[PDB]
file run_11.csv (CSV, C-alpha atoms (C1' of nucleotides))
chain,number,residue,atom,x,y,z
D,6,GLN,CA,45.5,-7.6,-71.9
D,7,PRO,CA,44.7,-4.0,-71.0
D,8,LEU,CA,41.2,-3.1,-69.6
D,9,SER,CA,38.5,-1.8,-71.9
D,10,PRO,CA,37.8,2.0,-71.6
D,11,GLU,CA,34.3,1.1,-70.4
D,12,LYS,CA,35.7,-0.5,-67.3
D,13,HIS,CA,37.8,2.7,-66.9
D,14,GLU,CA,34.5,4.6,-67.2
D,15,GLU,CA,32.8,2.5,-64.6
D,16,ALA,CA,35.8,2.9,-62.2
D,17,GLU,CA,35.7,6.6,-62.7
D,18,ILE,CA,32.0,7.0,-61.8
D,19,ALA,CA,32.3,4.6,-58.9
D,20,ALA,CA,35.3,6.5,-57.7
D,21,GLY,CA,33.4,9.8,-57.9
D,22,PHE,CA,30.6,8.3,-55.7
D,23,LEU,CA,33.0,6.7,-53.2
D,24,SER,CA,35.0,10.0,-53.1
D,25,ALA,CA,31.8,11.8,-52.2
D,26,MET,CA,31.5,9.3,-49.3
D,27,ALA,CA,35.3,9.1,-48.5
D,28,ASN,CA,35.3,11.7,-45.7
D,29,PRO,CA,34.6,11.4,-42.0
D,30,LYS,CA,32.3,14.3,-41.4
D,31,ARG,CA,30.5,13.6,-44.7
D,32,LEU,CA,30.1,10.0,-43.5
D,33,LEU,CA,28.5,11.2,-40.2
D,34,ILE,CA,26.3,13.5,-42.3
D,35,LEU,CA,25.1,10.7,-44.5
D,36,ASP,CA,24.5,8.4,-41.5
D,37,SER,CA,22.4,11.0,-39.8
D,38,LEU,CA,20.5,12.1,-42.9
D,39,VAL,CA,19.7,8.4,-43.8
D,40,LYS,CA,18.2,8.0,-40.3
D,41,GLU,CA,16.2,11.4,-40.3
D,42,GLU,CA,15.4,14.8,-41.7
D,43,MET,CA,17.5,17.6,-40.3
D,44,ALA,CA,17.9,21.4,-40.6
D,45,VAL,CA,21.3,22.6,-41.6
D,46,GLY,CA,22.0,24.3,-38.2
D,47,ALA,CA,21.1,21.1,-36.3
D,48,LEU,CA,23.4,19.1,-38.6
D,49,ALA,CA,26.1,21.7,-37.8
D,50,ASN,CA,25.6,21.0,-34.1
D,51,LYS,CA,25.5,17.2,-34.8
D,52,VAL,CA,28.8,16.8,-36.6
D,53,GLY,CA,30.4,19.8,-34.8
D,54,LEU,CA,31.0,21.8,-38.0
D,55,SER,CA,30.6,25.4,-39.0
D,56,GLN,CA,27.6,26.5,-41.1
D,57,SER,CA,29.8,27.3,-44.1
D,58,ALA,CA,31.9,24.1,-44.1
D,59,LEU,CA,28.8,21.9,-43.6
D,60,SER,CA,27.0,23.8,-46.4
D,61,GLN,CA,29.9,23.0,-48.7
D,62,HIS,CA,29.9,19.3,-47.7
D,63,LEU,CA,26.1,19.2,-48.4
D,64,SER,CA,26.8,20.8,-51.7
D,65,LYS,CA,29.3,18.1,-52.6
D,66,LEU,CA,26.8,15.5,-51.6
D,67,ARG,CA,24.2,17.2,-53.8
D,68,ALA,CA,26.8,17.1,-56.6
D,69,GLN,CA,26.7,13.3,-56.5
D,70,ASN,CA,23.0,13.2,-56.0
D,71,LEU,CA,23.4,11.7,-52.5
D,72,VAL,CA,20.9,13.8,-50.6
D,73,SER,CA,17.4,15.3,-51.0
D,74,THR,CA,15.8,18.5,-49.7
D,75,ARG,CA,12.5,20.0,-48.7
D,76,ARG,CA,11.9,23.7,-48.0
D,77,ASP,CA,9.9,25.2,-45.1
D,78,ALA,CA,10.2,29.0,-45.1
D,79,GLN,CA,13.9,29.9,-44.5
D,80,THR,CA,14.7,26.4,-43.2
D,81,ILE,CA,15.8,23.6,-45.5
D,82,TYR,CA,15.4,19.9,-44.4
D,83,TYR,CA,18.0,17.5,-45.7
D,84,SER,CA,17.5,13.8,-45.9
D,85,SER,CA,19.0,10.8,-47.6
D,86,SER,CA,17.2,8.1,-49.5
D,87,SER,CA,20.0,7.0,-51.7
D,88,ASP,CA,20.2,3.2,-52.2
D,89,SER,CA,23.9,3.5,-52.9
D,90,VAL,CA,24.6,5.3,-49.6
D,91,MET,CA,22.6,2.8,-47.7
D,92,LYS,CA,24.4,-0.1,-49.4
D,93,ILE,CA,27.9,1.4,-48.7
D,94,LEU,CA,26.9,2.2,-45.1
D,95,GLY,CA,25.5,-1.3,-44.7
D,96,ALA,CA,28.8,-2.8,-45.9
D,97,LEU,CA,30.7,-0.5,-43.6
D,98,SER,CA,28.5,-1.6,-40.6
D,99,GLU,CA,29.2,-5.2,-41.7
D,100,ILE,CA,32.9,-4.6,-41.6
D,101,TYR,CA,33.5,-2.6,-38.4
D,102,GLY,CA,30.6,-4.4,-36.6
R,6,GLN,CA,23.2,17.4,-29.4
R,7,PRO,CA,26.6,16.4,-30.7
R,8,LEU,CA,28.1,13.0,-31.7
R,9,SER,CA,30.5,11.3,-29.3
R,10,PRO,CA,34.3,11.5,-30.2
R,11,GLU,CA,34.1,7.7,-30.5
R,12,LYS,CA,31.8,8.1,-33.5
R,13,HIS,CA,34.2,10.7,-34.9
R,14,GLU,CA,37.0,8.1,-34.7
R,15,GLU,CA,34.9,5.4,-36.3
R,16,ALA,CA,34.1,7.8,-39.0
R,17,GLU,CA,37.8,8.7,-39.4
R,18,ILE,CA,38.9,5.0,-39.8
R,19,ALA,CA,36.0,4.2,-42.2
R,20,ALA,CA,36.7,7.3,-44.2
R,21,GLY,CA,40.4,6.4,-44.3
R,22,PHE,CA,39.5,3.0,-45.7
R,23,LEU,CA,37.1,4.5,-48.3
R,24,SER,CA,39.7,7.1,-49.3
R,25,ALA,CA,42.1,4.2,-49.9
R,26,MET,CA,39.4,2.8,-52.3
R,27,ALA,CA,38.1,6.1,-53.6
R,28,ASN,CA,40.2,6.2,-56.8
R,29,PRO,CA,39.5,4.8,-60.3
R,30,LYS,CA,42.8,3.2,-61.1
R,31,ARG,CA,43.0,2.0,-57.5
R,32,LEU,CA,39.5,0.5,-57.9
R,33,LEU,CA,40.6,-1.4,-61.1
R,34,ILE,CA,43.7,-2.6,-59.3
R,35,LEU,CA,41.7,-3.9,-56.3
R,36,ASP,CA,39.3,-5.6,-58.6
R,37,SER,CA,42.0,-7.4,-60.6
R,38,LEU,CA,44.0,-8.3,-57.5
R,39,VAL,CA,41.0,-9.6,-55.6
R,40,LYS,CA,40.3,-12.0,-58.5
R,41,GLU,CA,43.9,-13.2,-59.1
R,42,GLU,CA,47.6,-12.9,-58.4
R,43,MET,CA,49.6,-10.5,-60.6
R,44,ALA,CA,53.1,-9.2,-61.1
R,45,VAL,CA,53.5,-5.4,-61.0
R,46,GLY,CA,54.4,-5.1,-64.7
R,47,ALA,CA,51.3,-7.0,-65.8
R,48,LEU,CA,49.2,-4.8,-63.5
R,49,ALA,CA,50.8,-1.7,-65.0
R,50,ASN,CA,49.9,-2.9,-68.4
R,51,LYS,CA,46.3,-3.9,-67.7
R,52,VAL,CA,45.2,-0.8,-65.9
R,53,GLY,CA,47.1,1.5,-68.2
R,54,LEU,CA,49.4,2.9,-65.6
R,55,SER,CA,53.2,3.7,-65.6
R,56,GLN,CA,55.4,1.7,-63.2
R,57,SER,CA,56.2,4.6,-60.9
R,58,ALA,CA,52.5,5.7,-60.6
R,59,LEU,CA,51.3,2.2,-60.1
R,60,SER,CA,54.0,1.6,-57.5
R,61,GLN,CA,52.8,4.7,-55.6
R,62,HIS,CA,49.1,3.6,-55.7
R,63,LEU,CA,50.1,0.1,-54.5
R,64,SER,CA,52.1,1.8,-51.8
R,65,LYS,CA,48.9,3.5,-50.6
R,66,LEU,CA,47.1,0.2,-50.8
R,67,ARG,CA,49.8,-1.4,-48.6
R,68,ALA,CA,49.5,1.6,-46.2
R,69,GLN,CA,45.9,0.6,-45.4
R,70,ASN,CA,46.7,-3.2,-45.4
R,71,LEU,CA,44.4,-3.9,-48.4
R,72,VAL,CA,47.0,-6.0,-50.3
R,73,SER,CA,49.6,-8.7,-49.7
R,74,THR,CA,52.9,-9.4,-51.5
R,75,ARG,CA,54.9,-12.5,-52.5
R,76,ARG,CA,58.5,-12.6,-53.7
R,77,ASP,CA,60.0,-14.6,-56.6
R,78,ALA,CA,63.3,-12.8,-55.9
R,79,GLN,CA,63.2,-10.3,-58.8
R,80,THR,CA,59.5,-10.3,-59.3
R,81,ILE,CA,56.9,-9.2,-56.6
R,82,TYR,CA,53.4,-10.5,-56.8
R,83,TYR,CA,50.5,-8.5,-55.4
R,84,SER,CA,47.2,-10.0,-54.2
R,85,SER,CA,44.1,-9.1,-52.1
R,86,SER,CA,42.3,-11.2,-49.5
R,87,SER,CA,40.6,-8.4,-47.5
R,88,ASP,CA,36.9,-9.2,-46.8
R,89,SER,CA,36.3,-5.4,-46.5
R,90,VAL,CA,37.5,-4.8,-50.0
R,91,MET,CA,35.3,-7.6,-51.4
R,92,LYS,CA,32.3,-6.1,-49.4
R,93,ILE,CA,32.7,-2.6,-50.9
R,94,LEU,CA,33.3,-4.0,-54.4
R,95,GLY,CA,30.3,-6.2,-53.9
R,96,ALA,CA,28.1,-3.2,-53.1
R,97,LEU,CA,29.6,-1.3,-56.0
R,98,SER,CA,28.8,-4.1,-58.4
R,99,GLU,CA,25.3,-4.4,-56.9
R,100,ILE,CA,24.8,-0.7,-57.6
R,101,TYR,CA,26.2,-0.3,-61.1
R,102,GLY,CA,25.3,-3.8,-62.2
O,1,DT,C1',61.1,-2.5,-58.2
O,2,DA,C1',60.2,1.4,-54.6
O,3,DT,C1',61.5,6.4,-53.5
O,4,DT,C1',61.9,11.0,-54.4
O,5,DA,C1',60.7,15.9,-56.0
O,6,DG,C1',58.0,19.0,-58.5
O,7,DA,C1',53.8,21.0,-61.1
O,8,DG,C1',48.9,21.5,-61.2
O,9,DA,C1',44.8,20.6,-59.5
O,10,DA,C1',41.5,19.0,-55.9
O,11,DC,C1',40.5,19.0,-51.2
O,12,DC,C1',38.7,21.6,-46.7
O,13,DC,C1',38.9,24.7,-43.5
O,14,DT,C1',37.9,30.2,-42.0
O,15,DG,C1',35.8,34.4,-42.9
O,16,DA,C1',33.2,37.5,-45.8
O,17,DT,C1',29.5,38.4,-49.0
O,18,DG,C1',24.9,36.6,-51.7
O,19,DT,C1',20.5,34.7,-51.9
O,20,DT,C1',15.9,33.9,-50.2
O,21,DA,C1',11.8,34.1,-47.2
O,22,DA,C1',9.3,36.1,-43.0
T,1,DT,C1',16.1,44.7,-40.8
T,2,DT,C1',16.6,39.3,-38.9
T,3,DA,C1',16.9,34.1,-39.8
T,4,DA,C1',18.5,30.1,-42.3
T,5,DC,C1',21.5,28.7,-46.1
T,6,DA,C1',24.2,29.2,-50.2
T,7,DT,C1',28.3,30.6,-52.3
T,8,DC,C1',32.6,33.2,-52.8
T,9,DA,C1',37.6,34.2,-51.8
T,10,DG,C1',41.8,33.0,-49.6
T,11,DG,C1',45.3,29.9,-48.1
T,12,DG,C1',47.2,25.5,-46.1
T,13,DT,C1',47.0,20.6,-47.1
T,14,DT,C1',46.6,16.6,-49.9
T,15,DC,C1',46.3,14.1,-54.2
T,16,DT,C1',48.4,11.8,-58.7
T,17,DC,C1',50.8,12.2,-62.4
T,18,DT,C1',55.9,12.7,-64.9
T,19,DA,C1',61.0,12.8,-64.6
T,20,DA,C1',65.0,10.7,-62.8
T,21,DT,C1',70.7,14.9,-69.0
call {"tool": "encode", "arguments": {"input": "run_11.csv", "output": "C-alpha cells"}}
result
Amino acid sequence: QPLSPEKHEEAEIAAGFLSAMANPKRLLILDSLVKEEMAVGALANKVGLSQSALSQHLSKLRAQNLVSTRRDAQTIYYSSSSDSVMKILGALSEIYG
Amino acid sequence: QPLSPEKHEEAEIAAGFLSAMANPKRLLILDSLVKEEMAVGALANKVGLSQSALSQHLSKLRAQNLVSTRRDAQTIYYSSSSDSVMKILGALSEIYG
DNA sequence: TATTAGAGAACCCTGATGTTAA
DNA sequence: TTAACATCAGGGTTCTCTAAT
C-alpha cells in the first residue's frame, strides 16, 4: 500500500525544518544562539563567516521560524528559543556524546 | 572569539548526517525501514518513487551508513537499525505529534 | 537492481548595493 | 556621512528527478 498524501505532507515539512538545520555553520549558529543572544558581527567572528553569508544563513533560519530578534539602535540581537531546535540539538548531543 | 576547528568538524559530521536525513522521500524511507524489512520494489511503491530515483536515495543512505542490506539472490532487502536515525525520527515525531 | 548523464532548480559563497538608525 | 544588517547579483557546486530509440 502507498503512503497517504498527508504523510507526504508531514515528511515535506519535517524535511524543510531539518534542511534548515542540515548545514555545519548553521548548526554552529543555532547552538550559539540557543545558548545566548548575539550581535550579527559577533556571530560572524564566532563561526568565522563573512557578514553577507551569515546574514543569508540567518535569513534562512528566519524563513523556518528558527530564530528570534530584538533591536537596539543599529544593532540586532539574535537568539533561539525554538523547542524544535533544542530537541534536534539534544538528540545530536545524545548521538555524538 | 572564534570556535575551535574541532567544533567545525563536529558540525561538519552532524550536518552530513542531518543532510542525509533532510529529504521528504528519504524521511518516509527511513521511517518505513526503521519499522520493518522491505524489498526495493515495495519501497518504491509505498513512497511513490521510481526504481532509479529510489535506488539513488538508498545509495545516499548507504553512503552515510544509515541502512543495511540482505540478499535473497535476486531480491535485495533494506533495513535500518541506526540508533541515531531513531533518535532524530523520535524528536521529529515528538515535535509534529 | 545499481550506474550513468543531463536538465532545472536549490544551495552557498564573494562582492556590490539597499535599508535603517545615530 | 558612519555603523550594523539586509538584500541583490553573479557564478561554482550540489541536489533529485527522468531517460536509458
call {"tool": "interface_residues", "arguments": {"input": "run_11.csv", "of": "chain D", "to": "chain O", "cutoff": "10 Å", "atoms": "only C-alpha atoms (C1' of nucleotides)", "output": "list in words"}}
result
residues 55, 57, 58, 61, 62, 77, 78, 79 and 80 of chain D
call {"tool": "atom_distance", "arguments": {"input": "run_11.csv", "atom1": "atom CA of residue R:42", "atom2": "atom CA of residue R:82"}}
result
6.5 Å
call {"tool": "interface_residues", "arguments": {"input": "run_11.csv", "of": "chain T", "to": "chain D", "cutoff": "8 Å", "atoms": "only C-alpha atoms (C1' of nucleotides)", "output": "PyMOL selection string"}}
result
chain T and resi 3-6
call {"tool": "write_last_selection", "arguments": {"input": "run_11.csv", "atoms": "C-alpha atoms (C1' of nucleotides)", "output": "mmCIF file, keeping the file's coordinate frame"}}
result
data_model
loop_
_atom_site.group_PDB
_atom_site.id
_atom_site.type_symbol
_atom_site.label_atom_id
_atom_site.label_comp_id
_atom_site.auth_asym_id
_atom_site.auth_seq_id
_atom_site.Cartn_x
_atom_site.Cartn_y
_atom_site.Cartn_z
ATOM 1 C "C1'" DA T 3 16.900 34.100 -39.800
ATOM 2 C "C1'" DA T 4 18.500 30.100 -42.300
ATOM 3 C "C1'" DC T 5 21.500 28.700 -46.100
ATOM 4 C "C1'" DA T 6 24.200 29.200 -50.200
#
call {"tool": "interface_residues", "arguments": {"input": "run_11.csv", "of": "chain D", "to": "chain R", "cutoff": "10 Å", "atoms": "only C-alpha atoms", "output": "number ranges by chain"}}
result
D: 6-10, 12-33, 36, 47-53, 88-101
call {"tool": "calpha_fit_and_write", "arguments": {"input": "run_11.csv", "fixed": "chain D", "moving": "chain R", "output": "short mmCIF file (atom, residue, chain, number, x, y, z; two decimals) with C-alpha atoms, in the frame of the given file"}}
result
data_model
loop_
_atom_site.label_atom_id
_atom_site.label_comp_id
_atom_site.auth_asym_id
_atom_site.auth_seq_id
_atom_site.Cartn_x
_atom_site.Cartn_y
_atom_site.Cartn_z
CA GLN R 6 46.28 -7.19 -71.97
CA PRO R 7 44.60 -3.95 -71.04
CA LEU R 8 41.11 -3.14 -69.62
CA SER R 9 38.47 -1.76 -71.97
CA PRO R 10 37.76 2.08 -71.72
CA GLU R 11 34.25 1.03 -70.64
CA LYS R 12 35.72 -0.45 -67.46
CA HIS R 13 37.75 2.73 -67.00
CA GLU R 14 34.48 4.72 -67.10
CA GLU R 15 32.74 2.40 -64.69
CA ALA R 16 35.65 2.76 -62.43
CA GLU R 17 35.55 6.57 -62.79
CA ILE R 18 31.80 6.80 -61.83
CA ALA R 19 32.20 4.34 -58.91
CA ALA R 20 35.26 6.15 -57.70
CA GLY R 21 33.41 9.47 -57.99
CA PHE R 22 30.64 8.07 -55.82
CA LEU R 23 33.12 6.68 -53.23
CA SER R 24 35.03 9.98 -53.19
CA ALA R 25 31.71 11.68 -52.39
CA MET R 26 31.49 9.26 -49.38
CA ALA R 27 35.18 9.08 -48.58
CA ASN R 28 35.19 11.74 -45.83
CA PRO R 29 34.59 11.44 -42.05
CA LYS R 30 32.29 14.35 -41.46
CA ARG R 31 30.54 13.52 -44.74
CA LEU R 32 30.14 9.92 -43.51
CA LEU R 33 28.52 11.15 -40.20
CA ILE R 34 26.26 13.44 -42.18
CA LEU R 35 25.11 10.62 -44.51
CA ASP R 36 24.51 8.40 -41.58
CA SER R 37 22.37 10.93 -39.70
CA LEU R 38 20.49 11.98 -42.82
CA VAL R 39 19.79 8.44 -43.94
CA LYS R 40 18.14 7.78 -40.55
CA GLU R 41 16.11 11.03 -40.28
CA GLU R 42 15.27 14.47 -41.58
CA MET R 43 17.34 17.39 -40.24
CA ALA R 44 17.69 21.13 -40.56
CA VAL R 45 21.17 22.41 -41.48
CA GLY R 46 21.78 24.08 -38.10
CA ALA R 47 20.99 20.90 -36.18
CA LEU R 48 23.31 18.97 -38.52
CA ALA R 49 26.04 21.54 -37.94
CA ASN R 50 25.67 21.08 -34.27
CA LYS R 51 25.60 17.28 -34.19
CA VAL R 52 28.57 16.62 -36.39
CA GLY R 53 30.58 19.45 -34.91
CA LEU R 54 30.88 21.44 -38.06
CA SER R 55 30.60 25.25 -38.81
CA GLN R 56 27.73 26.37 -41.07
CA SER R 57 29.91 27.37 -44.00
CA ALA R 58 31.93 24.06 -43.94
CA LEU R 59 28.86 21.97 -43.54
CA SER R 60 27.15 23.87 -46.35
CA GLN R 61 30.13 23.10 -48.62
CA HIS R 62 30.11 19.34 -47.74
CA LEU R 63 26.33 19.20 -48.35
CA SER R 64 26.98 20.97 -51.61
CA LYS R 65 29.29 18.10 -52.62
CA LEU R 66 26.68 15.64 -51.49
CA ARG R 67 24.09 17.37 -53.71
CA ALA R 68 26.65 17.33 -56.59
CA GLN R 69 26.56 13.51 -56.61
CA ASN R 70 22.74 13.35 -55.97
CA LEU R 71 23.16 11.60 -52.57
CA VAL R 72 20.75 13.94 -50.71
CA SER R 73 17.38 15.64 -51.15
CA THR R 74 16.09 18.96 -49.78
CA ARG R 75 12.75 20.31 -48.49
CA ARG R 76 11.85 23.95 -47.87
CA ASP R 77 9.98 25.47 -44.89
CA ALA R 78 10.68 28.90 -46.43
CA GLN R 79 13.53 29.99 -44.11
CA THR R 80 14.62 26.58 -43.06
CA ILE R 81 15.96 23.83 -45.50
CA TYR R 82 15.72 20.24 -44.50
CA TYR R 83 18.20 17.69 -45.81
CA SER R 84 17.49 13.95 -46.17
CA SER R 85 18.87 10.80 -47.90
CA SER R 86 16.98 8.06 -49.72
CA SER R 87 19.79 6.72 -51.96
CA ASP R 88 19.94 2.88 -51.91
CA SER R 89 23.67 3.17 -52.87
CA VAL R 90 24.44 5.15 -49.78
CA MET R 91 22.60 2.67 -47.53
CA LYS R 92 24.54 -0.22 -49.31
CA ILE R 93 27.99 1.31 -48.62
CA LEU R 94 27.03 2.24 -45.04
CA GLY R 95 25.69 -1.24 -44.62
CA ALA R 96 29.01 -2.76 -45.66
CA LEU R 97 30.85 -0.30 -43.47
CA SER R 98 28.78 -1.25 -40.46
CA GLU R 99 29.23 -4.95 -41.31
CA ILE R 100 32.98 -4.39 -41.30
CA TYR R 101 33.52 -2.26 -38.21
CA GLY R 102 30.61 -3.74 -36.31
#
call {"tool": "residues_around", "arguments": {"input": "run_11.csv", "residues": "residue R:72", "least_positions_apart": "5", "cutoff": "6 Å", "atoms": "only C-alpha atoms (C1' of nucleotides)", "output": "short mmCIF file (atom, residue, chain, number, x, y, z; two decimals) with C-alpha atoms, keeping the file's coordinate frame"}}
result
data_model
loop_
_atom_site.label_atom_id
_atom_site.label_comp_id
_atom_site.auth_asym_id
_atom_site.auth_seq_id
_atom_site.Cartn_x
_atom_site.Cartn_y
_atom_site.Cartn_z
CA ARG R 67 49.80 -1.40 -48.60
CA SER R 84 47.20 -10.00 -54.20
CA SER R 85 44.10 -9.10 -52.10
#
call {"tool": "atom_distance", "arguments": {"input": "run_11.csv", "atom1": "atom CA of residue D:35", "atom2": "atom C1' of residue T:12"}}
result
26.6 Å
call {"tool": "build_atoms", "arguments": {"input": "run_11.csv", "residues": "stretch 28-49 of chain R", "atoms": "N, CA, C and O atoms", "output": "mmCIF file, in the coordinates of the input"}}
result
data_model
loop_
_atom_site.group_PDB
_atom_site.id
_atom_site.type_symbol
_atom_site.label_atom_id
_atom_site.label_comp_id
_atom_site.auth_asym_id
_atom_site.auth_seq_id
_atom_site.Cartn_x
_atom_site.Cartn_y
_atom_site.Cartn_z
ATOM 1 N N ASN R 28 39.440 5.791 -55.663
ATOM 2 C CA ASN R 28 40.200 6.200 -56.800
ATOM 3 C C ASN R 28 39.944 5.175 -57.974
ATOM 4 O O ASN R 28 39.887 3.970 -57.729
ATOM 5 N N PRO R 29 39.791 5.671 -59.211
ATOM 6 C CA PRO R 29 39.500 4.800 -60.300
ATOM 7 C C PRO R 29 40.523 3.721 -60.603
ATOM 8 O O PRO R 29 40.206 2.525 -60.598
ATOM 9 N N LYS R 30 41.766 4.145 -60.813
ATOM 10 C CA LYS R 30 42.800 3.200 -61.100
ATOM 11 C C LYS R 30 43.019 2.238 -59.935
ATOM 12 O O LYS R 30 43.227 1.044 -60.134
ATOM 13 N N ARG R 31 42.897 2.763 -58.723
ATOM 14 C CA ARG R 31 43.000 2.000 -57.500
ATOM 15 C C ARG R 31 41.876 0.941 -57.434
ATOM 16 O O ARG R 31 42.059 -0.172 -56.945
ATOM 17 N N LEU R 32 40.700 1.340 -57.908
ATOM 18 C CA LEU R 32 39.500 0.500 -57.900
ATOM 19 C C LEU R 32 39.744 -0.697 -58.913
ATOM 20 O O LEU R 32 39.469 -1.858 -58.588
ATOM 21 N N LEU R 33 40.234 -0.376 -60.109
ATOM 22 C CA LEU R 33 40.600 -1.400 -61.100
ATOM 23 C C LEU R 33 41.595 -2.368 -60.535
ATOM 24 O O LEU R 33 41.466 -3.596 -60.665
ATOM 25 N N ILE R 34 42.619 -1.794 -59.908
ATOM 26 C CA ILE R 34 43.700 -2.600 -59.300
ATOM 27 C C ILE R 34 43.114 -3.538 -58.230
ATOM 28 O O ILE R 34 43.418 -4.729 -58.271
ATOM 29 N N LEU R 35 42.298 -3.031 -57.309
ATOM 30 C CA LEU R 35 41.700 -3.900 -56.300
ATOM 31 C C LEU R 35 40.831 -4.959 -56.816
ATOM 32 O O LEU R 35 40.827 -6.073 -56.309
ATOM 33 N N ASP R 36 40.071 -4.638 -57.861
ATOM 34 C CA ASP R 36 39.300 -5.600 -58.600
ATOM 35 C C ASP R 36 40.137 -6.792 -59.063
ATOM 36 O O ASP R 36 39.976 -7.970 -58.673
ATOM 37 N N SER R 37 41.089 -6.428 -59.920
ATOM 38 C CA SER R 37 42.000 -7.400 -60.600
ATOM 39 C C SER R 37 42.751 -8.239 -59.548
ATOM 40 O O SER R 37 42.907 -9.445 -59.739
ATOM 41 N N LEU R 38 43.225 -7.610 -58.474
ATOM 42 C CA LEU R 38 44.000 -8.300 -57.500
ATOM 43 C C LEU R 38 43.145 -9.188 -56.558
ATOM 44 O O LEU R 38 43.595 -10.233 -56.088
ATOM 45 N N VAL R 39 41.912 -8.758 -56.314
ATOM 46 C CA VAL R 39 41.000 -9.600 -55.600
ATOM 47 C C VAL R 39 40.664 -10.854 -56.365
ATOM 48 O O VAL R 39 40.507 -11.927 -55.764
ATOM 49 N N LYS R 40 40.652 -10.773 -57.699
ATOM 50 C CA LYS R 40 40.300 -12.000 -58.500
ATOM 51 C C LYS R 40 41.459 -12.840 -58.947
ATOM 52 O O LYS R 40 41.232 -13.950 -59.442
ATOM 53 N N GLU R 41 42.699 -12.366 -58.793
ATOM 54 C CA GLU R 41 43.900 -13.200 -59.100
ATOM 55 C C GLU R 41 45.206 -12.550 -58.663
ATOM 56 O O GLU R 41 45.266 -11.365 -58.325
ATOM 57 N N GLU R 42 46.263 -13.361 -58.656
ATOM 58 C CA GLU R 42 47.600 -12.900 -58.400
ATOM 59 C C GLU R 42 48.224 -12.267 -59.669
ATOM 60 O O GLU R 42 48.041 -12.794 -60.766
ATOM 61 N N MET R 43 48.951 -11.168 -59.505
ATOM 62 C CA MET R 43 49.600 -10.500 -60.600
ATOM 63 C C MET R 43 50.907 -9.869 -60.279
ATOM 64 O O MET R 43 51.105 -9.405 -59.156
ATOM 65 N N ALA R 44 51.819 -9.863 -61.245
ATOM 66 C CA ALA R 44 53.100 -9.200 -61.100
ATOM 67 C C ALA R 44 52.846 -7.680 -61.413
ATOM 68 O O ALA R 44 51.883 -7.328 -62.098
ATOM 69 N N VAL R 45 53.717 -6.824 -60.893
ATOM 70 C CA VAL R 45 53.500 -5.400 -61.000
ATOM 71 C C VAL R 45 53.516 -4.902 -62.465
ATOM 72 O O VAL R 45 52.714 -4.035 -62.821
ATOM 73 N N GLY R 46 54.374 -5.471 -63.306
ATOM 74 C CA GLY R 46 54.400 -5.100 -64.700
ATOM 75 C C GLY R 46 53.081 -5.367 -65.404
ATOM 76 O O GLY R 46 52.537 -4.498 -66.103
ATOM 77 N N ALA R 47 52.549 -6.568 -65.185
ATOM 78 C CA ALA R 47 51.300 -7.000 -65.800
ATOM 79 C C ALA R 47 50.140 -6.057 -65.321
ATOM 80 O O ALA R 47 49.293 -5.662 -66.124
ATOM 81 N N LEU R 48 50.139 -5.711 -64.036
ATOM 82 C CA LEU R 48 49.200 -4.800 -63.500
ATOM 83 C C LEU R 48 49.262 -3.430 -64.201
ATOM 84 O O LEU R 48 48.262 -2.852 -64.627
ATOM 85 N N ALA R 49 50.495 -2.957 -64.341
ATOM 86 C CA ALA R 49 50.800 -1.700 -65.000
ATOM 87 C C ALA R 49 50.259 -1.647 -66.401
ATOM 88 O O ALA R 49 49.792 -0.611 -66.882
#
